[PDB]
Each structure stands twice: as C-alpha cells, then as structure tokens.
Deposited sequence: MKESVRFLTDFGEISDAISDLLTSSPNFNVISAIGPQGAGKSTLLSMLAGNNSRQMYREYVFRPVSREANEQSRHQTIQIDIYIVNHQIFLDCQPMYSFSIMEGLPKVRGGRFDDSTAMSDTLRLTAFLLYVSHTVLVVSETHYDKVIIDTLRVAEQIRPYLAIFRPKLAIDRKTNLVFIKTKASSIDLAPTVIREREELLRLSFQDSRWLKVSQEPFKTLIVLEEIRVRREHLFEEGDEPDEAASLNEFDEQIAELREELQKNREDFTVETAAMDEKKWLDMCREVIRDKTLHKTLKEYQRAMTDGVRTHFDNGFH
C-alpha cells in the first residue's frame, strides 16, 4: 500500500476494495483521527503511519483533496482511519456525529486532533457519540460489551504557553473529568499522556516514534476471547455497525432533538 484509499463509497457504504487489502492475522491495531479542518491531523496521522520528517508532501500517505468519507491506510497490520473534519447546520452535526460514533466503536484508540483543547464542543460531541450504539449480540466472535475506546487529545500548532506543564495539567484534568462517568470511552490517568501538544526536525520524529509506541499500550480488544477476531472479521463488524437498526433509530432521534 502506497497511499491512503477511501474507506467508504457512495452513501457511506464500505468500499468493495477494502476486504482485499486485509490480511488474516489477529494482531492488528486500529487508530482513527478526528477533528476540525485546520488542525492538520491528516499530516500528523501519516507521520504515525510511516512518513519520516523531510519527505516531499507528494509522498505523504494521507493527503486530503460524496457526503461522508474516511481514508484507510494499513502497514504491518496497523489500520489508520482518517475521518473527514468536523463541522444546513443541523445536517452537519448529524453527519459529524455519525462518523464519530462509528470510529469510536471500530477503533482501539481515537486521536482527537484540534487547535483548541480544552474544547467543550469537541467534548460534547464525543460523549453524545458514545450513546450512538448498535446491538451486535448475534455477532460471532462475541464482542466485548464493556469495552472502552482510548482517546488521545492532541493540540497541534500550539504556542509556547500551551507547552507549560502547568497549563497541560490544568487541561488534562478537565479531560479526565469529562470521561470519568463514560462507559465506552476512556482517557489515560497518567500525567502528560492524555493531552499531547505539538508546535507548528529529527527531534520532532522522536516524539512521533515515542507516541506511536504508546498508542499500542492502552488497547482493549473488540472480542471476548483473545485473538478471536481477524482483521477481515473486523471489516465485517464495521459493516454490521453501519447496518444496525437500533443505531439508526437513535441517530434519527438525535436529528429530531437538534431541529426541535
């Protein structure tokens, strides 16, 4: 795989070309990236995918150019999903929430990239997306029902005072308070591991390598059994969430609550 590919086709259906790019190992990691348009997560997520400092922009793996879209890229059983940025005002909230709820359910860890952490509206979106749930009890292999998805908030293009440990601690506390009652989301309770701050050579990539390593730690498998789900069976799970009827019903009641 040379560059990203579109994960969805028309009308938010999974592209027919994704299953052929998936191997058959139970050892795979799903990382998604969400956030507003300006934060530059597409370039950041690609750095974590493989790019190496001063490589031509033409060679980046996620280069942004259909209503909803997600970009897919995989190396060494590592699945990276790059969601379209967040935004009629009513329909923009419903589409942003639909993609967010989907990536929370299918990812091990979701990177929440923004220039404005702490941001209540971003936090509001995550905890509402948490409630958009499917019912996949008939799915085999049985799925972990109390599973929590890891969230790593990344403040990009940050200033000198954003790097102050006292400011990061203050903001991380709010982030930990925002998910203390969450059922299927979680943030690290270790200082400086919940809110990552970057400013904007070799010293930069050392963080990406260190961050890349940390994103393999706090994972929780989708399956009840260890190593029971293949990455292709993960794609089957993805089709079953987007199809689940209870999820569809709850999305619609959200759209109604926003227009009312």
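- Absent C-alpha positions map to the deposited sequence ranges 66-75, 98-113, 227-246, 307-317, in order along the chain.
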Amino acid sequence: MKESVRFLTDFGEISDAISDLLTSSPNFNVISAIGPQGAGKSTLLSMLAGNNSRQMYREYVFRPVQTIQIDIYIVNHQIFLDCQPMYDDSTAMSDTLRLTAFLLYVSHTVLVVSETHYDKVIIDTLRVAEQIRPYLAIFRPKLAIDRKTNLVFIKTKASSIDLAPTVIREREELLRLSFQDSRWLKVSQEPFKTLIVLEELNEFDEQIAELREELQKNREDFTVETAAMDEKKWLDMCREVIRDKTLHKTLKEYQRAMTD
From here on, numbers count along this sequence of modelled residues.
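- Mean CA B-factor, 88-96 versus 121-129: the higher value falls on 88-96.
- Just going by the entry, 137-145 versus 99-107 on mean CA temperature factor gives the higher value to 137-145.
- Which of 196, 235, 30, 208 has the largest Cα B-factor in the deposited entry comes down to 208.
- In the PDB entry, the Cα temperature factor peaks, among 70, 34, 39, 201, at 201.
- Placement of the Cα temperature factor of residue 189 within the chain: middle third of the modelled residues, per the deposited record.
- Ranked against the other modelled residues of its chain, the C-alpha B-factor of residue 75 as given in the entry falls in the highest third.
- Among the modelled residues of its chain, residue 246 has a C-alpha B-factor that falls in the middle third, as given in the PDB entry.
- In the PDB entry, residue 19 places in the highest third of its chain by CA B-factor.
- Annotation for residue 156: CA B-factor lies in the middle third of the chain's modelled residues.
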